[PDB]
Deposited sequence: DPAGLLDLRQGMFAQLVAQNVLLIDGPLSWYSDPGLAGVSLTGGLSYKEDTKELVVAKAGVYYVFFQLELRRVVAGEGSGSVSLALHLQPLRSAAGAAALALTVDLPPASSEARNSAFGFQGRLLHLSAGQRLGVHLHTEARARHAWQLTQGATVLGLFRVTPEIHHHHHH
């Protein structure tokens, strides 16, 4: 039991990422942009983000994995990655992984936020933003 998805998005538009199964290799829902877990268990979950400067912009970008229905109003992220974008090093890269208890039926969604002096200046390297997981149980 495992999965790996690649993000379609290259432009830095805030909100949830759209995914597609990895060509290289539970299921995805294109309508809500939500991965859904079938088997309950402890999963190793990782994601990865590359950025390329395509110009003189700066700031930071954030990925956050949110689990299904929130189950609290607090809205905590199960996984979160921050990457700073230098002003004029034309690339930036983040990797993070950890163990997660996931429930049978639990939807997963990934959100991108960018607080930058130029959201136009950088963009995601196409094919280089990946969410992967496998069951340790």
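Gaps between the deposited sequence and the modelled structure occur at positions 1 to 11, 37 to 44, 75 to 76, 110 to 113, 163 to 171.
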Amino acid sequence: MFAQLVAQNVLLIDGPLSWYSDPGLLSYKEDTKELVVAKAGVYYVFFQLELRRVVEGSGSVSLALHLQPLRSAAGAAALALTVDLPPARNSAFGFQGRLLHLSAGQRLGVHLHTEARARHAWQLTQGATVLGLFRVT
From here on, numbers count along this sequence of modelled residues.
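Across the other entries compared, none leave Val54 without coordinates where the residues on each side are present, so it is far from a third.
In at least a third of the other compared PDB entries of this protein that cover both flanking sides, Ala73 is left without coordinates. Of the two segments examined, 116 to 124 and 10 to 18, it is 116 to 124 that shows the higher average Cα temperature factor in the deposited entry. According to the PDB record, 57 to 65 carries the higher mean C-alpha B-factor of the two stretches 43 to 51 and 57 to 65. By the numbers in the PDB entry, the CA B factor is greatest at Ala73 among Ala73, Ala92, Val110, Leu81. Annotation for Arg98: CA B-factor lies in the lowest third of the chain's modelled residues.
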